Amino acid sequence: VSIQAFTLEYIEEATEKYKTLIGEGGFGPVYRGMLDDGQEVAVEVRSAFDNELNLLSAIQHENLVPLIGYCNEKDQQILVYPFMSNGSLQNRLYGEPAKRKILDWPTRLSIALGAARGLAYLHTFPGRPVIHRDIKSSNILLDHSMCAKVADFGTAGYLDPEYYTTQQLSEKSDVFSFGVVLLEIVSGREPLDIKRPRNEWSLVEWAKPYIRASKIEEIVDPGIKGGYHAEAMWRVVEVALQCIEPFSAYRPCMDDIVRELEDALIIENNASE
């Protein structure tokens, strides 16, 4: 809840000399470490600011990756986040772990609502908005409790088509991108896959017809076939379609998405009990 300054020496002790590399992150590599109090951290090292730290200091929401501290020493720019032990939504949908454990519909729903709330907090931020501009399943991280934490708010298949007119990314561009994420969550497919039959190359182009023709069962992840209530799935698919409208003007705000995703989870929780 409060940002700390670390020394390079401390980051090296925690990181065991960058022994582990958690993965490619936005604006630098990210290594795994443990602080001397025992909490697991991810340490982002800028490849190549104090205003950014103040912005990141000002962002506080349960569905955003929080900043623990930073390192300023010797013209280095290091950022320290909690380690998210359950990894990325992308990985749990069609990653290696998806072959072991199938993420169930209610959990998928709960992760989407979490992520939407995080983005909603950023979009409606007092004074000026915070726009992510690179929303994707790999940037929706999961903690021990499978609570969504959106990352890299400091990609082909997700890019707002309208960007080719405006050459600008906006809240509405984040909304389009999120719509593609909702399609991943429903379908269990990555947006772009050349190895798929030609008609299935684009998840977005492939899906719209079936949704438009009210035949959602065809596009649903086999692992959650008969694992959802139709009323709840309709809501998610419907709002997903509005998000991926080629023209931002017809696209809902993130907060309309929050409400639809809340409605879907109340429908499932109601039928579950």
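All residue numbers are counted from 1 along the displayed sequence.
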Discussion item. I want to verify a possible break: how many residues of the deposited sequence sit between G154 and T155 without any coordinates (none, 1 to 3, 4 to 9, 10 or more)?
Written reply: 10 or more
Worksheet entry | Size class of the missing deposited segment between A48 and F49 | 4 to 9
Response to the item:
Ranked by mean Cα B-factor in the entry, 72 to 80 and 177 to 185, top stretch is 72 to 80
Discussion item. So, looking at the entry's B-factor column for Cα atoms, which has the higher mean, 33 to 41 or 55 to 63?
Written reply: 33 to 41
Discussion item. Can you tell me which of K136, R108, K99, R128 has the maximum CA B-factor listed in the PDB entry?
Written reply: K99
Worksheet item: How does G26 rank on Cα B-factor within its chain, lowest, middle or highest third?
Response: highest
Worksheet item: Of the three thirds of its chain by CA temperature factor, lowest, middle or highest, which one includes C243?
Response: middle
Fill in: Third of the chain's Cα B-factor distribution that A230 belongs to, per the entry
middle
Worksheet entry | Chain thirds of CA B-factor: placement of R196 | highest
Worksheet item: Based on the entry's values, in what third of the chain does the Cα temperature factor of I224 lie: lowest, middle or highest?
Response: lowest
